[PDB]
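Participant: Just the first chains of my complex for now:
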Amino acid sequence: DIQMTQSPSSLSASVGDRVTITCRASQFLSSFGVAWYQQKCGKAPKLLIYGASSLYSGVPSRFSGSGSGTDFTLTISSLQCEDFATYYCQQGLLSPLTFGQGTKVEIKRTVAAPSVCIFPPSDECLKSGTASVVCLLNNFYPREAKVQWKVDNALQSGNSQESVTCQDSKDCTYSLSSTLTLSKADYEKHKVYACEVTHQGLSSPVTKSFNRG
Amino acid sequence: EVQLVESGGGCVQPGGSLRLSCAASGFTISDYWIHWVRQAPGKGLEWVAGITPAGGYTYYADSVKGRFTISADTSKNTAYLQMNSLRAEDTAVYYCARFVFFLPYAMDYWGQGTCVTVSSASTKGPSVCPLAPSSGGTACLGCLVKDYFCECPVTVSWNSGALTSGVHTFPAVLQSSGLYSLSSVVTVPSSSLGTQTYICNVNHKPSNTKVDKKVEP
């Protein structure tokens, strides 16, 4: 088998910067047989470059590639917010058709503060006896938001879970949701539920609250 | 247009067996190679197998060689992957791709993918909880899908797909019960409440569960 090694496993660069991905084969490869693919969050891959250096149809001309023999390279000449993806080299020549390990491109941006929402559990969800309380952070950068949950000022811990979406492919911001979980026999004891958000874009922590139970 | 449409993924027991079907449209498969590529959760792309339908030549990765079998059925313009002696490691999205063996010499068209989950667990269907419109001139709305097993083929669209600006759907998370859950949320103008009936359509193919649920304060 032919081992394909990609030298940066990930890189982070600002809008405008130039970035290069180096893929190295263990054996001479005929350059007509090397291709590069782009994949974005929850999509099938797409062909960028074929024959080591030929731009595929409709790919932005900021992409380019070069190489021969063992060493091949993929260049983005000026990184744009939509170039957030994973990039794979492949050899199509000698079976089995090994892919490279992939490279992830993260895009640096100036800070943006999260817009914070809180949701009380509806009565539909107080049936079946489990109350889930959702806190939502919209369109922030960088990724390092911290939530805290407080109930009658009692600091809760261990009963929460965070989910963070991909970068927006036009704005490069994130979104995050935090879900608190309680039994109904606990939700109805306490009265005031609060979500506290700390992020680099906030001069002081935001809080959102409701009262029920 | 050129499409590849693979189908027949699902949940199956370890040691079980399954047959993925990749139907090709707009081209005759006999003039190209058909290849299968898979992506395990959070991992890179792994090439699985390929077939030359004009000749029957087949190729396999070492990982699957002698367990799987690729074949093609030109009278239906379709390619198959019979999977046998399935394992946890076979849990991936599977894509079929057209490989052009003349000058572009690359996989130019890909299918959307199909999920295979190999797991000795009951395919518990989801329950869907609306999150009421809650506070900026705007409101967040949401639709919570929780306690379902056999993740991946769970889709959440709004107003039958007519609404997509500002719809965020979050990655599913595994709870301590071993069941998955996910949230979908949308942002709308505060003046739009009551003027529009927002509904979330949830479909979870492994439990054949389709439920459409209205969200309002």
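Facilitator: Received the coordinates, thanks. Residues are numbered from 1 along each chain as shown, chains lettered A, B, ... in the order given.
Participant: Domain map for chain B?
Facilitator: Taking automatic domain parsing as the domain assignment, the ranges for chain B are B:3-118, B:127-214.
Participant: hmm, the last one in reach of chain A?
Facilitator: This points to domain B:127-214. Yes. Against chain A, domain B:127-214 shows contacts by Cβ under 8 Å from any Cβ of the partner chain at B:127, B:129-132, B:134-136, B:140, B:142, B:144, B:146, B:168-173, B:175, B:181-183, B:185, B:187. All C-beta spots, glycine's among them, are computed from the backbone N, C-alpha and C.
Participant: Pull out the buried residues from the residues you listed.
Facilitator: The neighbour count (16 or more other Cβ atoms under 10 Å in any protein chain shown) marks B:127, B:129-132, B:134, B:140, B:142, B:144, B:146, B:168-170, B:172-173, B:181-183, B:185, B:187 as buried among those.
Participant: Return the set of buried residues in the strand ranked longest in chain A.
Facilitator: Scanning chain A for the longest strand, with DSSP state E as the assignment, gives strand A:63-76. Residues of strand A:63-76 classed as buried by neighbour count (16+ other Cβ under 10 Å): A:63, A:64, A:65, A:67, A:72, A:73, A:74, A:76.
Participant: Which residues are in contact with residue A:53?
Facilitator: A:31, A:64, A:65, A:66, A:67 (Cβ atoms under 8 Å, 6 or more residues apart in numbering or on different chains).
Participant: May I have the beta-bridge partners of the closest residue to the second one other than its chain neighbours?
Facilitator: The one in question is residue A:64. Of all residues not flanking residue A:64 in the chain, residue A:75 sits nearest, at 4.9 Å (Cβ to Cβ, 6 or more residues apart in numbering or on different chains). Listed by DSSP bridges, the beta-bridge partners for residue A:75 are residue A:20, residue A:64.
Participant: add chain C to the structure above, sequence below:
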Amino acid sequence: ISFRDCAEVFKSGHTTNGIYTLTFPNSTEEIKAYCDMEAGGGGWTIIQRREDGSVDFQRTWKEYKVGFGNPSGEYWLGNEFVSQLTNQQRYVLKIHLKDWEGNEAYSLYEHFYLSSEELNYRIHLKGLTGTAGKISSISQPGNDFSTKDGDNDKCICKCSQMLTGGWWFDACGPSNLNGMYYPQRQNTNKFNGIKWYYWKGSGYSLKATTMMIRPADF
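Facilitator: Chain C goes in next, on the same frame as the chains above:
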């Protein structure tokens, strides 16, 4: 008399460049071949030449077996005769290359022979000296010969059809002196040109080539 190769022709005193007749080993079938009698002490049996692109090299398995072209210019002497010779005794192989800017380079192999037809005329090469690269642009261990009908290569592709020639192709390896001929200002960026990677890289198409054999006794 009969002569099996140009080194015998030379030792008989015919010390002049030209086409001569050579006889198959242990047989009476004759072949006509160009003898180089002035370069490097003479006695060189030319087995392949490229000069001007006047001759097509996209030939069938049978043509590469028999030979084709004109011994006065671009031609392939034929795998059968070369297989019959090089299995009788040790031959060296010298390859001479020219680029469009006017440079010269060569590779010398201290042993060359071809397997029989049932082994698809597989190449064997040993030793390497010279200036056209310090790694063999013919893959080692040598591959089966392959042509637009005879797909004997290690590629899942058909190398002879992607690279348009008959060669010991591998998948598809660093060289093909039987590729397409590209003229004075089109020879760059041509993946299917006359290729010799370890001298001018990939995509560069050479100007002229000569493959020729001599006994290692000489």
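Participant: Could you re-examine the buried residues of strand A:63-76 with chain C now present?
Facilitator: Applying 16+ other Cβ under 10 Å to strand A:63-76 flags A:63, A:64, A:65, A:67, A:68, A:69, A:72, A:73, A:74, A:76 as buried.
Participant: wait, doesn't the fourth one sit right on residue A:52?
Facilitator: Yes. Under the contact definition of Cβ atoms under 8 Å, residue A:67 touches residue A:52, with a separation of 5.2 Å.
Participant: Just say helix, strand or coil for the nearest residue to residue B:16 once chain neighbours are set aside.
Facilitator: Using Cβ to Cβ, 6+ apart and skipping residues adjacent in sequence, the residue nearest residue B:16 is residue B:86, 5.1 Å away. Residue B:86 falls in the coil class when you classify it by DSSP: H, G, I helix; E, B strand; the rest coil.
Participant: Run through who's touching the longest strand of chain A.
Facilitator: A:18-29, A:31, A:34, A:36, A:48-49, A:52-53, A:55, A:62, A:77, A:83, A:87, A:89, A:105, C:174, C:197, C:201-203.
Participant: Let's see which of these end up in strands.
Facilitator: Counting by DSSP E, the contacts of strand A:63-76 contribute A:19-29, A:34, A:36, A:48-49, A:55, A:87, A:89, A:105 to strands.
Participant: on that earlier part again, tell me which two of the buried residues of strand A:63-76 sit farthest apart.
Facilitator: For the buried residues of strand A:63-76, the maximum inter-member distance is 22.9 Å, found between A:69 and A:76 (Cβ to Cβ).
Participant: mind listing what residue A:11 touches?
Facilitator: Contacts of residue A:11 by Cβ under 8 Å, 6+ apart are A:19, A:21, A:103, A:104, A:105, A:106.
Participant: Which of the residues you listed lies at the shortest distance from residue B:69?
Facilitator: residue A:103 (33.0 Å).
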